[PDB]
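What follows is a short report on a single structure.
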Amino acid sequence: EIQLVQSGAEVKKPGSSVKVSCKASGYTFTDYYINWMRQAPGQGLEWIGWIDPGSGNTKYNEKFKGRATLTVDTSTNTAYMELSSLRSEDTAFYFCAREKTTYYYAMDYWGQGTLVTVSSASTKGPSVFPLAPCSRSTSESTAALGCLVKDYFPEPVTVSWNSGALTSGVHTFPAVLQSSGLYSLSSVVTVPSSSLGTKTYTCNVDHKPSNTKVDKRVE
Amino acid sequence: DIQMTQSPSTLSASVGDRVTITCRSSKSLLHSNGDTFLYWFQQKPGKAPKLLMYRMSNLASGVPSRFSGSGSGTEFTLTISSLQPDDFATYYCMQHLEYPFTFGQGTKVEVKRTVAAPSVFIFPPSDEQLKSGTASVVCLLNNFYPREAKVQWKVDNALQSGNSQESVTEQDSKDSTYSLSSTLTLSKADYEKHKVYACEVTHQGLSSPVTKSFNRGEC
């Protein structure tokens, strides 16, 4: 059973360095090359460089020369990737992949990935705000309401409605990173306006990192 | 340095269709040994890339036989004969002929369905938030298709730009639609000095761009 296992996710301050590992097994480590790619949040893949486990010979991408440093440890079958002077732009997923080369070239096995969040922020619970129309209107058939989960760190937060009793029509958007370095997302739900008053709607936001649990009754 | 471009960026297709993805290299990827140094990768959100085609047309081990590839010199193409639900993902092509290795922009294969205009809703900032210095206005675009949509914020009939952030949900697994959340951020002071807050949504399902709004002190 061949596989490449990478080290866990990491949060780093700008200017610091991170060193991700890629442990190889189920095959002869030295027979295949190890490449390192990276993928930012809303972007495609990008190649960092490769390294020959059987010699330590490397090849880098011009944009990562000096910054990125690839190494290996044949006694533990582990490949390393160290990025220095980290900036917010370095925030992305880091992959390591092997490249079979015996009878042909094939980058077949990939590591699970290692998220590197380059942030200067600190764990902060969010502030849950109610999302409701200025004035309740009977004109429309369905009404929409939600909860704005603002200023929090890190990810994620789990929003639910009526403790799981209301699931249909719910839409929890993906968090957005604010210039403050803090996350903010909104959860919304469409319901029959012909029950907006006698029926209570409440969102249950949960942010484990800060042990915050908030329930906010919406209009 | 070889440039790899993929077209189209997004591709709407339905289960059972024969989908073809194209990749284009700035120069011939044919090697002296007769082989074409090209990789085809599949990637699902939050997951690591999976190898599909090695050396342009060679199907990778484990990959389903509905996948096939071809191409000559500079134009390559991946084909999925009878699209299965498991085939909705993003496909990237990569060149491993020269250094550095380069990928394509990637092409997303989403579920094709009928057009659907977005139900728009605009929420004003809560009292609690204004009681904290900041004010954020939210505009919702519920269940629509296709993904393409322009949200234009107008404060006292004055176009805003660079003070709002959008967020889109992943395609719905039941009705195949999308939802978007635009969040306009202002200071309590700036909010306090303006009356009308509008949200102009431009979409294909709408013959004319709909404009949902609210007057400041009227809720």
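Following the order of the structure tokens, first chain is A, next is B, and so on, with residues numbered from 1 inside each chain and ligands from 1 in the order they appear.
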Chain B residues near chain A within 7 Å, closest pair each, using only C-alpha atoms, as JSON lines:
{"residue": "B:48", "atom": "CA", "partner": "A:112", "partner_atom": "CA", "distance": 5.9}
{"residue": "B:51", "atom": "CA", "partner": "A:108", "partner_atom": "CA", "distance": 5.6}
{"residue": "B:54", "atom": "CA", "partner": "A:106", "partner_atom": "CA", "distance": 5.4}
{"residue": "B:100", "atom": "CA", "partner": "A:61", "partner_atom": "CA", "distance": 5.7}
{"residue": "B:101", "atom": "CA", "partner": "A:47", "partner_atom": "CA", "distance": 6.1}
{"residue": "B:102", "atom": "CA", "partner": "A:47", "partner_atom": "CA", "distance": 6.5}
{"residue": "B:103", "atom": "CA", "partner": "A:45", "partner_atom": "CA", "distance": 6.5}
{"residue": "B:105", "atom": "CA", "partner": "A:44", "partner_atom": "CA", "distance": 6.0}
{"residue": "B:106", "atom": "CA", "partner": "A:44", "partner_atom": "CA", "distance": 6.4}
{"residue": "B:122", "atom": "CA", "partner": "A:133", "partner_atom": "CA", "distance": 6.9}
{"residue": "B:123", "atom": "CA", "partner": "A:133", "partner_atom": "CA", "distance": 5.3}
{"residue": "B:124", "atom": "CA", "partner": "A:134", "partner_atom": "CA", "distance": 6.7}
{"residue": "B:126", "atom": "CA", "partner": "A:130", "partner_atom": "CA", "distance": 6.7}
{"residue": "B:167", "atom": "CA", "partner": "A:173", "partner_atom": "CA", "distance": 6.2}
{"residue": "B:168", "atom": "CA", "partner": "A:173", "partner_atom": "CA", "distance": 6.3}
{"residue": "B:169", "atom": "CA", "partner": "A:173", "partner_atom": "CA", "distance": 5.4}
{"residue": "B:219", "atom": "CA", "partner": "A:134", "partner_atom": "CA", "distance": 4.0}
When DSSP works through the backbone of this structure, what residues of stretch 59-139 of chain B end up as strand (DSSP E or B), shown as an NGL selection string? :B and (59 or 67-72 or 75-80 or 90-95 or 102-103 or 107-111 or 116 or 119-123 or 134-139)
Among listed residues A:182, A:147, A:24, A:170, nearest residue A:2 (using only C-alpha atoms):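 Closest residue, counting only C-alpha atoms: A:24.
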Restricting the calculation to only C-alpha atoms: of B:58, B:14, B:182, B:152, which residue gets closest to residue B:140?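 Closest to residue B:140 of all the choices is B:182.
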Taking only C-alpha atoms into account, name the residue in B:196, B:61, B:189, B:213 that is nearest to residue B:131. B:189
Pick out the residues sitting within 12 Å of residue B:145, and hand them over as a tab-separated table (two decimals) with N, CA, C and O atoms, in the first residue's frame; count only C-alpha atoms, and ignore anything fewer than 6 positions along from it in its own chain.
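As written to disk, selection_32.tsv reads:
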chain	number	residue	atom	x	y	z
B	12	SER	N	-20.55	23.67	-18.25
B	12	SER	CA	-21.82	23.14	-17.76
B	12	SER	C	-22.21	21.90	-18.54
B	12	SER	O	-22.40	21.96	-19.76
B	110	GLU	N	-19.30	21.70	-13.95
B	110	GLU	CA	-20.46	21.85	-13.08
B	110	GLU	C	-21.72	21.28	-13.71
B	110	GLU	O	-21.75	21.05	-14.91
B	111	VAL	N	-22.77	21.09	-12.92
B	111	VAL	CA	-24.04	20.52	-13.42
B	111	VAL	C	-24.90	21.49	-14.23
B	111	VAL	O	-25.34	22.51	-13.71
B	112	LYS	N	-25.16	21.15	-15.49
B	112	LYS	CA	-25.99	21.98	-16.36
B	112	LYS	C	-27.48	21.80	-16.05
B	112	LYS	O	-27.96	20.66	-15.90
B	113	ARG	N	-28.18	22.92	-15.96
B	113	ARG	CA	-29.62	22.95	-15.69
B	113	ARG	C	-30.23	24.21	-16.31
B	113	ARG	O	-29.53	25.03	-16.92
B	114	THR	N	-31.54	24.35	-16.15
B	114	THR	CA	-32.25	25.51	-16.70
B	114	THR	C	-31.94	26.81	-15.96
B	114	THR	O	-31.57	26.80	-14.78
B	115	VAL	N	-32.06	27.92	-16.69
B	115	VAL	CA	-31.81	29.24	-16.13
B	115	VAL	C	-32.78	29.48	-14.97
B	115	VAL	O	-33.87	28.90	-14.95
B	116	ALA	N	-32.35	30.28	-13.99
B	116	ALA	CA	-33.18	30.62	-12.83
B	116	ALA	C	-32.73	31.95	-12.23
B	116	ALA	O	-31.60	32.08	-11.74
B	117	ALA	N	-33.60	32.94	-12.31
B	117	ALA	CA	-33.32	34.27	-11.77
B	117	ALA	C	-33.18	34.16	-10.25
B	117	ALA	O	-33.88	33.36	-9.59
B	118	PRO	N	-32.25	34.94	-9.67
B	118	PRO	CA	-32.01	34.95	-8.22
B	118	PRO	C	-33.01	35.76	-7.40
B	118	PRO	O	-33.33	36.91	-7.75
B	119	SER	N	-33.53	35.15	-6.32
B	119	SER	CA	-34.44	35.86	-5.41
B	119	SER	C	-33.52	36.76	-4.59
B	119	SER	O	-32.66	36.26	-3.88
B	171	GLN	N	-22.28	24.51	-5.81
B	171	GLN	CA	-23.49	24.10	-6.52
B	171	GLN	C	-24.33	23.11	-5.70
B	171	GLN	O	-23.80	22.15	-5.13
B	172	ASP	N	-25.62	23.39	-5.59
B	172	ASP	CA	-26.55	22.56	-4.84
B	172	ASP	C	-26.68	21.15	-5.43
B	172	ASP	O	-26.82	20.98	-6.65
B	175	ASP	N	-31.02	20.94	-6.46
B	175	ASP	CA	-31.58	21.77	-7.52
B	175	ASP	C	-30.52	22.38	-8.43
B	175	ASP	O	-30.86	23.17	-9.32
B	176	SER	N	-29.26	22.04	-8.19
B	176	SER	CA	-28.12	22.52	-8.98
B	176	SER	C	-27.95	24.05	-9.14
B	176	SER	O	-27.31	24.51	-10.09
B	177	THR	N	-28.50	24.83	-8.20
B	177	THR	CA	-28.40	26.29	-8.25
B	177	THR	C	-27.27	26.82	-7.38
B	177	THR	O	-26.55	26.07	-6.71
B	178	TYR	N	-27.14	28.15	-7.37
B	178	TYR	CA	-26.12	28.84	-6.59
B	178	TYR	C	-26.75	29.97	-5.77
B	178	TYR	O	-27.86	30.43	-6.06
B	179	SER	N	-26.02	30.43	-4.76
B	179	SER	CA	-26.46	31.53	-3.93
B	179	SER	C	-25.24	32.39	-3.63
B	179	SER	O	-24.13	31.86	-3.49
B	180	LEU	N	-25.43	33.70	-3.59
B	180	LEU	CA	-24.33	34.63	-3.34
B	180	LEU	C	-24.62	35.64	-2.21
B	180	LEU	O	-25.75	36.13	-2.05
B	203	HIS	N	-28.41	39.78	-13.70
B	203	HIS	CA	-28.34	38.35	-14.00
B	203	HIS	C	-29.07	38.03	-15.30
B	203	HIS	O	-29.95	38.78	-15.74
B	204	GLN	N	-28.72	36.90	-15.91
B	204	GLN	CA	-29.31	36.44	-17.15
B	204	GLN	C	-30.80	36.09	-17.03
B	204	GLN	O	-31.57	36.31	-17.97
B	205	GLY	N	-31.21	35.54	-15.89
B	205	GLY	CA	-32.61	35.19	-15.68
B	205	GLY	C	-33.49	36.42	-15.54
B	205	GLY	O	-34.73	36.34	-15.55
B	206	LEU	N	-32.84	37.58	-15.39
B	206	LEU	CA	-33.52	38.86	-15.25
B	206	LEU	C	-33.35	39.65	-16.54
B	206	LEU	O	-32.23	39.95	-16.95
Pick out the residues sitting within 10 Å of residue B:42, and hand them over as number ranges by chain; count only C-alpha atoms, and ignore anything fewer than 6 positions along from it in its own chain. B: 48-53, 87-93, 106-108
Atom pair atom CA of residue B:207 / atom CA of residue B:181: separation (Å):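 Value for the atom CA of residue B:207-atom CA of residue B:181 distance: 21.4 Å.
For stretch 3-219 of chain A, backbone-based DSSP labels the following residues as helix (DSSP H, G or I): residues 29, 30, 31, 62, 63, 64, 88, 89, 90, 162, 163, 164, 208, 209 and 210 of chain A.
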Polymer residues at most 6 Å from residue B:130, only C-alpha atoms, same-chain spacing of 4 or more positions, as a ChimeraX atom specification: /B:134-135,188
